[PDB]
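Data first, discussion second: the structure below is written as structure tokens.
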Amino acid sequence: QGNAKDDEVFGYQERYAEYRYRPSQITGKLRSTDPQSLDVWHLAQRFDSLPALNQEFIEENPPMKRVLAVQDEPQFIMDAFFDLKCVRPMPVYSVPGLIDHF
Amino acid sequence: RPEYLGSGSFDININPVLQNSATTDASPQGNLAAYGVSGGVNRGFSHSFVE
Amino acid sequence: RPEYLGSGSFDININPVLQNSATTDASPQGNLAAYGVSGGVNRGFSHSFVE
Amino acid sequence: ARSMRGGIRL
Amino acid sequence: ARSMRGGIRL
Amino acid sequence: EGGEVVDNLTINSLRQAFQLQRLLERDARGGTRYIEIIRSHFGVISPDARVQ
Amino acid sequence: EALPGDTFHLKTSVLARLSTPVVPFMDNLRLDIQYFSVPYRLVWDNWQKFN
Amino acid sequence: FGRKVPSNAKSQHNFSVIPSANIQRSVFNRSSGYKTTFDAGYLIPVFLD
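Protein chains in written order, with the entry's author numbering: chain A, 465 to 566; chain B, 362 to 412; chain C, 362 to 412; chain D, 30 to 39; chain E, 30 to 39; chain F, 310 to 361; chain G, 53 to 103; chain H, 4 to 52.
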């Protein structure tokens, strides 16, 4: 920002971590800060104010609303099917009866 | 602690789609839209329960 | 009782169709419609009639 | 799948 | 050493 | 006045009474700590460590 | 709900469709499924006394 | 059409894995004597560690 805040601590990380890590970057007309931005092409977060290391920062929150053509419908429609083979302590069909038994 | 029995994961494959309709003010012929799909079979877990 | 001579069955396969026409207020490019079709050959029954 | 920094979160 | 009647007591 | 009214016995009520008695007899004979319940009502030998 | 002495073997099939993107956006996007066992005695203190 | 490029997400995950602790285990004898008087039927705690 150029504010004095810029030199204040976000959080702590291992010594020389920036030689080991290399965060991925958006550079050109793709940035969400551009007045005529192409940020429809990618899912990089846009911070509107200074992120702190807290719950709001680390919770997964991709900007799906901008890469998707239809507004106000759920992002994923899913069909799922669960095929269980069960061994269970019961018969496969129970016929009523057997009063003294079990 | 609740036991972690297993996991699976899939790519959401994003596949390009060509506009074969003619040029418009909205989008030119040869413009490149997409659709997204994901799926497969997992072999999730096998486990036996003591309680 | 009337005798049950045999049977056959087929899936109605529902096949996705991509919109290659440009984006509209109705539907975006890359929207996914469908068509449905079913069929095959059965080998239905073989039988001889006494009456 | 190993021991992550900051404790476990999947 | 087996399952005793009245529940376990050693 | 001041009696107690009870309905006719269905066979389903009667067999449920028998199987409830079998359950309470299994509890007396087998024990009622949660590990004793598991071992008496099911075939299962739970480890002690996982049941505290 | 699993009983004492159950054994489960689970296969999962998934089909997830992403609602239509504007462009083939460049970022990877994983779908995943994780399964957990939770004994009833971890979620209710009276579970043993109920039994 | 083109082929997608990889993400760095796996290498970034690997840099975050802490090393295992080096423990310095050893084997030794921890012998001890205990002497007492007691009466029948009680549960007497003779060993504690």
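In this text, a Cβ means the ideal position worked out from N, Cα and C, and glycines have one as well.
Asked	Found
Would you mind giving the Cβ-Cβ distance between B:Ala394 and C:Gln390, rounded to the nearest angstrom? I have them listed as a contact below 8 Å.	4 Å
In terms of residue numbering, what span does the beta strand (DSSP E) encompassing G:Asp84 cover?	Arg82 to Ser89
Below 9 Å between beta carbons: does that hold for A:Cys550 and G:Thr59?	yes
Let me make sure I understand the geometry here. Which of G:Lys101, G:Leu94, G:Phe102 and G:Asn80 has the alpha-carbon closest to that of B:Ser370?	G:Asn80
Scan the stretch 370-383 of chain C for residues whose Cβ lies nearer than 7 Å to a Cβ of chain B and list them as they occur along the chain.	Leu379, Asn381, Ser382 and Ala383
Among G:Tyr87, G:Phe102 and G:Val74, which has the Cα closest to the Cα of B:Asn403?	G:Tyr87
Please state if the CB of F:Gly352 and the CB of A:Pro553 are separated by a distance shorter than 9 Å.	yes
With DSSP as the reference, label H:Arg28 as helix, strand or coil.	coil
Which residue comes first and which comes last in the beta strand (DSSP E) that contains B:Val378?	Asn374 to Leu379
According to DSSP, is A:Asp503 part of a helix, a strand, or is it coil?	helix
Would a C-beta distance cut-off of 9 Å place F:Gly340 and E:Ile37 closer than the cut-off?	yes
Between the stretch 534-548 of chain A and the stretch 59-69 of chain G, can you find at least three pairs of beta-carbon atoms closer than 8 Å?	yes
Output, in chain order, the set of chain F residues within a Cβ distance shorter than 8 Å of A:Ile490.	Going along chain F, no residue has its Cβ under 8 Å from A:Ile490, so there is no contact; the nearest lies around 49 Å.
Quick check on G:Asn98 - is its C-beta less than 9 Å from some C-beta in chain F?	no
How is residue 4 of chain G classed by DSSP in three states: helix, strand or coil?	Outside the displayed range of chain G (53 to 103) lies residue 4 of chain G, so it cannot be described from this structure.
According to DSSP, is B:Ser407 part of a helix, a strand, or is it coil?	strand
Are any of the Cβ atoms in chain D nearer than 9 Å to that of residue 55 of chain H?	Absent from the model: residue 55 of chain H. The displayed extent of chain H is 4 to 52, so no value can be given.
With H:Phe50 and A:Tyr485 assumed to form a contact (beta carbons below 8 Å), what rounded beta-carbon distance in angstroms separates them?	The Cβ separation is near 52 Å, so there is no contact.
Taking 9 Å as the CB-CB limit, is G:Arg93 close to chain F?	yes
Counting only beta-carbon separations shorter than 9 Å, does G:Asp79 have a partner in chain H?	yes
Check this for me: beta carbons of A:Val504 and G:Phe77, under 9 Å apart or not?	yes
Taking F:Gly339 as part of the alpha helix (DSSP H), name the residues at either end of that continuous run.	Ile320 to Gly339
Determine the contact status of B:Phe410 and G:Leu62, defining contact as a CB-CB distance below 9 Å.	no
Cα separation between B:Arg362 and H:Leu46?	33 Å
Spell out whether any CB of chain G is found under 9 Å from the CB atom of H:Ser10.	yes
In chain order, what are the residue ranges of uninterrupted beta strand (DSSP E) at least 3 long that sit wholly in the stretch 479-559 of chain A?	540-551
Can you list, in chain order, the residues of the stretch 384-395 of chain B whose Cβ is nearer than 8 Å to any Cβ on chain C?	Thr385, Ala387, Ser388, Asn392, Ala394 and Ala395
Is any non-hydrogen atom of the ligand FMN found closer than 8 Å to the C-beta of G:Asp79, if you look at the structure I gave you?	Judged by which ligands are present, the structure shown has none, so any question about the ligand FMN falls away.
Alpha helix (DSSP H) containing H:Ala12: first to last residue?	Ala12 to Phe18
In chain order, what residues of the same chain lie with their CB nearer than 6 Å to the CB of residue 415 of chain C, ignoring the 5 residues before and after it?	No answer is possible for residue 415 of chain C: the residues shown for chain C start at 362 and end at 412.
Anyone know if the C-beta pair for A:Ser496 and A:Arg479 falls short of 9 Å?	no
First and last residue of the alpha helix (DSSP H) that includes B:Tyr396?	No alpha helix (DSSP H) contains B:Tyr396, which is instead part of the beta strand (DSSP E) from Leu393 to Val402.
Taking C-alpha atoms, which residue in B:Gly401, B:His408 and B:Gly397 lies nearest to C:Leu379?	B:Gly397
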